[PDB]
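Here the protein sequences line up with chains L, C, A, B, c, a, b and H, keeping their order.
Per the deposited numbering: the first sequence = residues 2 to 9, 11 to 30, 30A to 30C, 31 to 95, 95A, 96 to 107.
Per the deposited numbering: the second sequence = residues 60 to 172, 179 to 259.
Per the deposited numbering: the third sequence = residues 60 to 171, 179 to 259.
Per the deposited numbering: the fourth sequence = residues 60 to 171, 177 to 259.
Following the deposited numbering, the numbering of the fifth sequence begins with 260 at its first residue and continues without gaps.
Per the deposited numbering: the sixth sequence = residues 260 to 268, 276 to 420.
Per the deposited numbering: the seventh sequence = residues 260 to 269, 275 to 420.
Per the deposited numbering: the eighth sequence = residues 1 to 35, 35A, 36 to 82, 82A to 82C, 83 to 100, 100A to 100U, 101 to 113.
The C-beta atom is built at its ideal place from N, Cα and C for all residues, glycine as well.
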Amino acid sequence: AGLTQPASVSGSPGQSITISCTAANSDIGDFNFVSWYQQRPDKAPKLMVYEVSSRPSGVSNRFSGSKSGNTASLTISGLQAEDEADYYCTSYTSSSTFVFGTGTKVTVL
Amino acid sequence: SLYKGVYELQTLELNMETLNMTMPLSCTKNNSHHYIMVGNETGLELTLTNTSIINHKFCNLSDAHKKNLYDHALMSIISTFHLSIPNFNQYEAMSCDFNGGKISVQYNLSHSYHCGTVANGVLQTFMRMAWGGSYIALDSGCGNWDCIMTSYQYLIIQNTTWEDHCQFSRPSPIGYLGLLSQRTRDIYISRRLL
Amino acid sequence: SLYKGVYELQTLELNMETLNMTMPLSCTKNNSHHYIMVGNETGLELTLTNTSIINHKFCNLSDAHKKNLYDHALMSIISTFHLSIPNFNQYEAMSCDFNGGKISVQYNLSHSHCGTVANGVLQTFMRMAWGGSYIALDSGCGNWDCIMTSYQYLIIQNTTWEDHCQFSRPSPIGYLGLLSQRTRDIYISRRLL
Amino acid sequence: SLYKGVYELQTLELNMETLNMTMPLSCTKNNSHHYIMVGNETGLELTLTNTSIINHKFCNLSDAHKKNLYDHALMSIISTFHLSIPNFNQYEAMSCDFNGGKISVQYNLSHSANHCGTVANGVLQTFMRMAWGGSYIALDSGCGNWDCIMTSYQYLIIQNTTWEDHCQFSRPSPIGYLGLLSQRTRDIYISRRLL
Amino acid sequence: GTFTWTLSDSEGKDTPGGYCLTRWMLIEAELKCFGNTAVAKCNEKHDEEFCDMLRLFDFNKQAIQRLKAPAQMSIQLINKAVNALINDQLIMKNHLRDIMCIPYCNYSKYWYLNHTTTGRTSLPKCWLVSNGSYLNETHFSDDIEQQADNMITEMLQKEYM
Amino acid sequence: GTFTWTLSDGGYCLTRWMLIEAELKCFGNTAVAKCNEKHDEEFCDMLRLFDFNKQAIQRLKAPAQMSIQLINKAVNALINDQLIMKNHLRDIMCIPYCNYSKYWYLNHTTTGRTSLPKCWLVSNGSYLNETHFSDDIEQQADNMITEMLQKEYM
Amino acid sequence: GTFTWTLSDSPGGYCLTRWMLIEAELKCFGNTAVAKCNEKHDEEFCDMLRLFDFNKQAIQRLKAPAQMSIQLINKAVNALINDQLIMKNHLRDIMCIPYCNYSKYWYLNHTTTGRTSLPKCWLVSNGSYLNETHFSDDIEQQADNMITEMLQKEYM
Amino acid sequence: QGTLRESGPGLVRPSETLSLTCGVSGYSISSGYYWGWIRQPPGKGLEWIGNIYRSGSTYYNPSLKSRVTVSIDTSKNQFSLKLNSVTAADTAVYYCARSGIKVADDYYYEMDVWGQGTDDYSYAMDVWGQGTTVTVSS
Ligand SMILES: *[C@@H]1O[C@H](CO)[C@@H](O[C@@H]2O[C@H](CO)[C@@H](O[C@@H]3O[C@H](CO[C@H]4O[C@H](CO)[C@@H](O)[C@H](O)[C@@H]4O)[C@@H](O)[C@H](O[C@H]4O[C@H](CO)[C@@H](O)[C@H](O)[C@@H]4O[C@H]4O[C@H](CO)[C@@H](O)[C@H](O)[C@@H]4O)[C@@H]3O)[C@H](O)[C@H]2NC(C)=O)[C@H](O)[C@H]1NC(C)=O
Ligand SMILES: *[C@@H]1O[C@H](CO)[C@@H](O[C@@H]2O[C@H](CO)[C@@H](O[C@@H]3O[C@H](CO[C@H]4O[C@H](CO)[C@@H](O)[C@H](O)[C@@H]4O)[C@@H](O)[C@H](O[C@H]4O[C@H](CO)[C@@H](O)[C@H](O)[C@@H]4O[C@H]4O[C@H](CO)[C@@H](O)[C@H](O)[C@@H]4O)[C@@H]3O)[C@H](O)[C@H]2NC(C)=O)[C@H](O)[C@H]1NC(C)=O
Ligand SMILES: *[C@@H]1O[C@H](CO)[C@@H](O[C@@H]2O[C@H](CO)[C@@H](O[C@@H]3O[C@H](CO[C@H]4O[C@H](CO)[C@@H](O)[C@H](O)[C@@H]4O)[C@@H](O)[C@H](O[C@H]4O[C@H](CO)[C@@H](O)[C@H](O)[C@@H]4O[C@H]4O[C@H](CO)[C@@H](O)[C@H](O)[C@@H]4O)[C@@H]3O)[C@H](O)[C@H]2NC(C)=O)[C@H](O)[C@H]1NC(C)=O
Ligand SMILES: *[C@@H]1O[C@H](CO[C@@H]2O[C@@H](C)[C@@H](O)[C@@H](O)[C@@H]2O)[C@@H](O[C@@H]2O[C@H](CO)[C@@H](O[C@@H]3O[C@H](CO[C@H]4O[C@H](CO)[C@@H](O)[C@H](O)[C@@H]4O)[C@@H](O)[C@H](O[C@H]4O[C@H](CO)[C@@H](O)[C@H](O)[C@@H]4O)[C@@H]3O)[C@H](O)[C@H]2NC(C)=O)[C@H](O)[C@H]1NC(C)=O
Ligand SMILES: *[C@@H]1O[C@H](CO[C@@H]2O[C@@H](C)[C@@H](O)[C@@H](O)[C@@H]2O)[C@@H](O[C@@H]2O[C@H](CO)[C@@H](O[C@@H]3O[C@H](CO[C@H]4O[C@H](CO)[C@@H](O)[C@H](O)[C@@H]4O)[C@@H](O)[C@H](O[C@H]4O[C@H](CO)[C@@H](O)[C@H](O)[C@@H]4O)[C@@H]3O)[C@H](O)[C@H]2NC(C)=O)[C@H](O)[C@H]1NC(C)=O
Ligand SMILES: *[C@@H]1O[C@H](CO[C@@H]2O[C@@H](C)[C@@H](O)[C@@H](O)[C@@H]2O)[C@@H](O[C@@H]2O[C@H](CO)[C@@H](O[C@@H]3O[C@H](CO)[C@@H](O)[C@H](O)[C@@H]3O)[C@H](O)[C@H]2NC(C)=O)[C@H](O)[C@H]1NC(C)=O
Ligand SMILES: *[C@@H]1O[C@H](CO)[C@@H](O[C@@H]2O[C@H](CO)[C@@H](O[C@@H]3O[C@H](CO)[C@@H](O)[C@H](O)[C@@H]3O)[C@H](O)[C@H]2NC(C)=O)[C@H](O)[C@H]1NC(C)=O
Ligand SMILES: *[C@@H]1O[C@H](CO)[C@@H](O[C@@H]2O[C@H](CO)[C@@H](O[C@@H]3O[C@H](CO)[C@@H](O)[C@H](O)[C@@H]3O)[C@H](O)[C@H]2NC(C)=O)[C@H](O)[C@H]1NC(C)=O
Ligand SMILES: *[C@@H]1O[C@H](CO)[C@@H](O[C@@H]2O[C@H](CO)[C@@H](O)[C@H](O)[C@H]2NC(C)=O)[C@H](O)[C@H]1NC(C)=O
Ligand SMILES: *[C@@H]1O[C@H](CO)[C@@H](O[C@@H]2O[C@H](CO)[C@@H](O)[C@H](O)[C@H]2NC(C)=O)[C@H](O)[C@H]1NC(C)=O
Ligand SMILES: *[C@@H]1O[C@H](CO)[C@@H](O[C@@H]2O[C@H](CO)[C@@H](O)[C@H](O)[C@H]2NC(C)=O)[C@H](O)[C@H]1NC(C)=O
Ligand SMILES: *[C@@H]1O[C@H](CO)[C@@H](O[C@@H]2O[C@H](CO)[C@@H](O)[C@H](O)[C@H]2NC(C)=O)[C@H](O)[C@H]1NC(C)=O
Ligand SMILES: *[C@@H]1O[C@H](CO)[C@@H](O[C@@H]2O[C@H](CO)[C@@H](O)[C@H](O)[C@H]2NC(C)=O)[C@H](O)[C@H]1NC(C)=O
Ligand SMILES: *[C@@H]1O[C@H](CO)[C@@H](O)[C@H](O)[C@H]1NC(C)=O
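Below you can see the structure in the form of structure tokens.
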């Protein structure tokens, strides 16, 4: 069906922002290993977070994930202007199927 | 009564709780909840229920083994339980969750649904692990080995704190000690080279 | 034959076929074919032969477990037979096929002569079909570590019940004996088993 | 020494080396080196030491099994030793090497405040039972301690060697190995649902 | 293979060859001592539930008294020692009797014949259960009678010695 | 552990269906009770297996498809597997061994008293001649006579 | 389960040759003592007689491989010895109790008749053999058993 | 390290079959990683098409299960997508991906041949291709 995700999140430079990613209570088994990707304009998605707060090498510590119950979230601490991009959450469904979110448009003010 | 004019009949009842520091002790609380206790501290609660707690089909034992964080006696009990399940072939039936060092194992008895199925093997091992009064939970109660079945949908094994739950039957190591011998007797091969 | 002038020697031969509904019963038909009957319905045929049937290096046990189209008793017999092998360390030596609930296992004995995989397979074959496996072996006795046959393939196939037993009577002794030795000779293939 | 007037006490000691052609025989040279001999040609050296010989986390059992360049008796002894370890869960603590048919296994006993739940105690219990004739001197305390066995040494090294009469401190015996045979896979953990 | 653990000289009130169950090992009961003639059978018979329990209790006592206790209670020792203390196939026999709807011993309650004047006691036999309750002393009456005869038989060899 | 199953039923009787070309054969309590203690009696292990088969078919519900789960758990309580294993060891070492097929017992001609059946050994693909273990048979005869004398001693 | 290996003849009994004993000529034990091994479940010396006899028969009757297999023993051990007796001695060792290490055995020898007892194991506590003063009670008990069986033998 | 590169028709007509080939350079497809296709229609969120493994096993989206095939060719070190019965909704940018998942089915199968694997399963599309645009039009 697809994971619910906010359409837009916003904040000013330096503050923390949080992008949530919520699954339905009828699909808790489909909500596992929630990993988060950044897609800049006209670029391929890049993995920022996998598992919970584990990140690839070269990704700063500003990006950090959390997971609880039917929800997960990505926290961008110390927001900067270069963080503007489309952030997508995806879960690994137990039938071996990636299920993406709807995508969040982060805006820096 | 009195036999042969000189012999009075007398009885004992062993205080089996005193075996707590050396070995596990298993008992039955009521129809749905059964327990095994480890020390005067911890143990596992075996609940037959219609309500699942793990909605996913993952059980990564190796990651739990890497991190430790779990009571080794409890995980030994879990391993003794799982290894003795006869003819276990549907791996998706079992799920578990060891996050933060806890123990939670869920067998989906409704996955395999009359006789000679995975749910019957799980219930056979359950009846031996909780032999002190777990016959009430099973439907027939007797006269059935390969056709053992219960109305409940899931068997849930969760780590708990010690508490005098032994209402229906007295604590006993007998089920666990019996399962130790018959450990790897009925495991199927899944590999040419184990 | 009267012993002590008092006691007459009398013989007693047990009909083991009445144990058909509780346990497997193994027997020998001739040099090449041996059988293990389960129920009055099914069983496995253990054939020593010079001709292969599998002709590939796959044995998808894990897929057969999920499909669950097989006889559980027969697969338990196969599991006991395999896990009773002394020193099985050549995964390419064994192949099988479980298409559609079938059971068809093949052991390649060409990998050879003492202390090899073929000898272990022939030892477990000897114990499983103990009622007349000695005729197939090159030496009936006096040999454990260097048991060898002229046949290159041991082939285990699910079959139907029929009066196969000609050379030896049905007997559960091989299977029941192998149940105790079922896992006591295994090599570690991984640090955390 | 006559008991009840007419019964002399007499002693009997079994020469156990004559069992060399049928079964392994284990002994102790000193507290650091112990041996398990398989016949009159080969065996395994069990050395407790602070010096590591394997400095990698690979062990590669499957490649060794496929190549099949090792002695089968020695690998059977290694498998019995490992499968007798109770509650083995830290696989990084163990490493090994089998290049060219060699056998060289290293258990890192320094992988471990109470020091009672560690994998090192499983390794040391199985080591104590494998070399039961004279392993007790290598431990901190000879007796009165099972769950919390320790030794000052940091590594246990099981490596193939040639036969030689090393049995200085204790006489050779099969009893440790034969006892460990019945305990294989008795107290190991599941690692995967289907096994 | 076969049990080998031998009971310690737990209590000198009786003969040292006997064995006594303290109040801690018994439910709602005082000290109970069984003579050497009863517990001697535990070194030969492979079908006595009570002897297996005696060995378990004695092993527990010795283990908690002699060995250093770890911080968390470890079941490693019993997992190694279980087959030296008890006959696991006796537990299997009781399981088989349970599933087949035969009376069986659950390893809780036992009965023995106590001689009124001498205090001699037989080895306790297990009080069997069936259909969720005890057998009410009548359905296995033939057992007690024969056991009584055994004690009678047992004194006769003591007379003839 | 060791075998624990108790034969249900004095003595014990092998019905016609349990035997190859034979009628009902009953052995008294003196011979059958030997099975309770001895760990090296092939016939006793077979007798326990047949009794277990009878009880299992009578008392437990049968699954529609056959299952060998019950025997896989119950075997060690019925038989001394190391007796089978001794027989296999004597087989490979070219020693006479028991395949558990044929048994012999000494029957008293006038009283009908019978010994516990001892297995008829095989070697080199055929049954041993009687002569080759006549020395064994004589010993069994002596034992029976001794037991008779013991019954007179009481 | 239970051991089943029946030993072999040298009037029955069993004889250990100089290659089986450490600095000793050939020693024989009569059938009256060796026959106890058929039923006794907790005798170390009986397990050792069965191991030695099995070795003697195995190296004679079976075709030897080029290199050792240790496959015959790994399968046959449960029919030769009581492994739980080894576990008993392990338990006695760890608990600071005297235990058998399967090295030295003691038996009483009747001076005029030469009759002997199924040897009992000599125990070790702190890496050294116990003095006979610390288990003289068992020696007296074995002597009493010899007097008892001799009385029953004369009673024949 | 290495790169993934799409290549194929940038234009298909309705009801014909799209065929895209992803070439992998610097990584070995025979390594234990799952090679997959993801889709981004022009302005909408990401949609996972499927993936294939070195064992030949394939996994697909339930919606895109009847129309799609994903194939693997280890000899040339490439994989590929084949989407038949294309329609207007299939106009999108198609991305390669290297994914570090563990499916139990492929785990249990390769145990004897490929032995014990790693445990560093990210369960994420570790590497991505540049992405190729495809328009379904006449
Ligand atoms: C072998 O086979 C036998 C026969 O089947 C089996 O016996 C049964 O064992 C169980 C477990 O001990 C017995 O259950 C106990 O029964 C007593 C008495 O029940 C009567 O009295 C109570 C009074 O409240 C009534 O409610 C009840 O309806 C009966 O009339 C109960 O008192 C026990 O419950 C208490 O003790 C339990 C712990 O032992 C507690 O868990 C429970 O919460 C209760 O607490 C009591 O004690 C507390 C002490 O702190 C106190 O604070 C509480 O207020 C309360 O007083 C328990 O139900 C059952 O009666 C036995 N039945 C028979 C036929 O004998 C063996 O168990 C079995 N053994 C094995 C090893 O399998
Ligand atoms: C323990 O060790 C002993 C000794 O080694 C071993 O004994 C041997 O057992 C086998 C199996 O029973 C015996 O084989 C049987 O022998 C009879 C007689 O064979 C002779 O006569 C025939 C006549 O045609 C000759 O051809 C043959 O060469 C011999 O001279 C056979 O008649 C048996 O075969 C028939 O019955 C079988 C029953 O299973 C059928 O399967 C088979 O197809 C045959 O059927 C025919 O007869 C049936 C009625 O009997 C009838 O119903 C069918 O329709 C058909 O007409 C079989 O070959 C062998 O003789 C024994 N040898 C000795 C020394 O006694 C034990 O078996 C062994 N036990 C274990 C557990 O290992
Ligand atoms: C059960 O438990 C008992 C008691 O704990 C245990 O007994 C001990 O067994 C060991 C092993 O046999 C004994 O160790 C032997 O001791 C003798 C005597 O040692 C003293 O005298 C020598 C004299 O040179 C001193 O060097 C030494 O420091 C002591 O003062 C030694 O002579 C033995 O060494 C020789 O034999 C060994 C075994 O063959 C060889 O490996 C060693 O190299 C020596 O032989 C070589 O050199 C000799 C030099 O003379 C030469 O003669 C030989 O031909 C050869 O070239 C060995 O150290 C220990 O003393 C026993 N302790 C007691 C209390 O009896 C059992 O072993 C144990 N059993 C089991 C199975 O666990
Ligand atoms: C097996 O399942 C394990 C449990 O996973 C749960 O169940 C499954 C079915 C899914 O539902 C999943 O969503 C559930 O969480 C799973 O455990 C996970 O393992 C990973 C990898 O070890 C852990 O990542 C680590 O995270 C910590 C920080 O996270 C903190 O919070 C989480 C909970 O939110 C805690 O669990 C953690 O312990 C932490 O407290 C990182 O610190 C750590 O390493 C970081 O630092 C090192 C320094 O060298 C860096 O190298 C790393 O890159 C990191 O920066 C890991 O990143 C994850 O937290 C953990 N979750 C839980 C709940 O345990 C396991 O991964 C699965 N394994 C397999 C093989 O599938
Ligand atoms: C046992 O299991 C083996 C593994 O099976 C896979 O994993 C398991 C867990 C399941 O998920 C299962 O569904 C998976 O398939 C299995 O081996 C595999 O078998 C399949 C066929 O069943 C093979 O697929 C075929 O591939 C060839 C192309 O591959 C060739 O080249 C490669 C090298 O690049 C070689 O390694 C191959 O051997 C081949 O030479 C396809 O041509 C073929 O048909 C496809 O193409 C035609 C074109 O007309 C289409 O019509 C078909 O629909 C297909 O699209 C298959 O796709 C797979 O390669 C093979 N993998 C391995 C690792 O061997 C084995 O067959 C099973 N054996 C038994 C007896 O059960
Ligand atoms: C093998 O190594 C052990 C342990 O050694 C110590 O731990 C290792 C992991 C390494 O980090 C080593 O560098 C480190 O020394 C040795 O046992 C140890 O022996 C030393 C003395 O040689 C002990 O040092 C004492 O420490 C106390 C601390 O309060 C001081 O008061 C003493 O004055 C003294 O310095 C050390 O405690 C002890 N540790 C253990 C675990 O027993 C062992 O001797 C060594 N063996 C050999 C021969 O290599
Ligand atoms: C679990 O098992 C242990 C060991 O059997 C039990 O401990 C024992 O508890 C009894 C009753 O409290 C103690 O009896 C008394 O102990 C005190 C303190 O030592 C003593 O002063 C009295 O004279 C009397 O002996 C017994 O000593 C004690 N033993 C040990 C070693 O702790 C415990 O009670 C059991 N707990 C459960 C869950 O039943
Ligand atoms: C435990 O196992 C049972 C049986 O496998 C699981 O129940 C099954 O759940 C799945 C997913 O919901 C069902 O699939 C769908 O079910 C609906 C029911 O109307 C059907 O319309 C769909 O076509 C599809 O089949 C499946 O039918 C259902 N089976 C049964 C017998 O209930 C259950 O979800 C498992 N629970 C856990 C926690 O794993
Ligand atoms: C099951 O075990 C877990 C893990 O030990 C218990 O949760 C821990 O409880 C301790 C108590 O001291 C805390 O310090 C830990 O932080 C807890 N861990 C986590 C991850 O929450 C849990 O309480 C046990 N279950 C029950 C019912 O007692
Ligand atoms: C059974 O094993 C034998 C021995 O490995 C196989 O025969 C060999 O196969 C290889 C590889 O094709 C050839 O190079 C050899 O020349 C063959 N040797 C002989 C003596 O024929 C045989 O193919 C295997 N059988 C099966 C069915 O896999
Ligand atoms: C199966 O084939 C093998 C050869 O691959 C046959 O055995 C060999 O036959 C040759 C030629 O006759 C002899 O020189 C060898 O001595 C034989 N080897 C052995 C080990 O016996 C074998 O006979 C064939 N099997 C059958 C049943 O015909
Ligand atoms: C071996 O087993 C297979 C699989 O069970 C048997 O073939 C099946 O036979 C049944 C008979 O009712 C059919 O319903 C199935 O459709 C068959 N399955 C397949 C895949 O063909 C086969 O007959 C057995 N072998 C023998 C020799 O009887
Ligand atoms: C451990 O075993 C290895 C392998 O057998 C031994 O090294 C071999 O020694 C023989 C001696 O004839 C050489 O022919 C081989 O080439 C050696 N193999 C390799 C790979 O070098 C080694 O000596 C043994 N270890 C000890 C200490 O003796
Ligand atoms: C006892 O038997 C009666 C019938 O006589 C039955 O109603 C009852 O449920 C049985 N109890 C148990 C615990 O099985």
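Cβ separation of residue 101(B) and residue 133(B), assumed to be a contact under 8 Å, to the nearest whole Å: Indeed, because the Cβ distance is near 7 Å, the residues count as touching under 8 Å.
- prompt: Is it the case that the CB of residue 225(C) approaches a heavy atom of ligand 7 more closely than 7 Å?
  reply: Result no, Cβ not under 7 Å from ligand 7.
field: From 98(C), 70(C), 83(C), residue whose alpha carbon lies closest to that of residue 288(c)
entry: It is 70(C) whose Cα lies nearest to the Cα of residue 288(c).
task: Collect the residues with a C-beta less than 5 Å away from any heavy atom of ligand 8 and give them in sequence order along the chain.
output: The filter returns 111(C), 167(C), 169(C), 170(C), in chain order.
task: Could you say which of 61(H), 95(H), 51(H) lies nearest to residue 80(H) if we only look at CA atoms?
output: Among 61(H), 95(H), 51(H), the Cα nearest to that of residue 80(H) is on 51(H).
message: Please determine whether the Cβ atom of residue 175(A) lies at a distance below 7 Å from any heavy atom of ligand 12.
response: The model contains no atoms for residue 175(A), which sits in the stretch where chain A goes from 171 to 179 directly.
field: Residues that DSSP places opposite residue 279(c) in a beta bridge
entry: According to the DSSP secondary-structure assignment, residue 279(c) is paired through a beta bridge with 292(c).
query: At least one CB of chain B closer than 8 Å to the CB of residue 124(C): is that the case?
result: Taking Cβ atoms only, chain B reaches closer than 8 Å to residue 124(C), which makes this a yes.
message: Considering only heavy atoms of ligand 1, does any lie closer than 7 Å to the CB of residue 399(c)?
response: Not so, every heavy atom of ligand 1 lies at least 7 Å from the Cβ.
message: Can you give me the C-alpha to C-alpha distance between residue 218(A) and residue 168(A), rounded to a whole angstrom?
response: One C-alpha to the other measures close to 5 Å.
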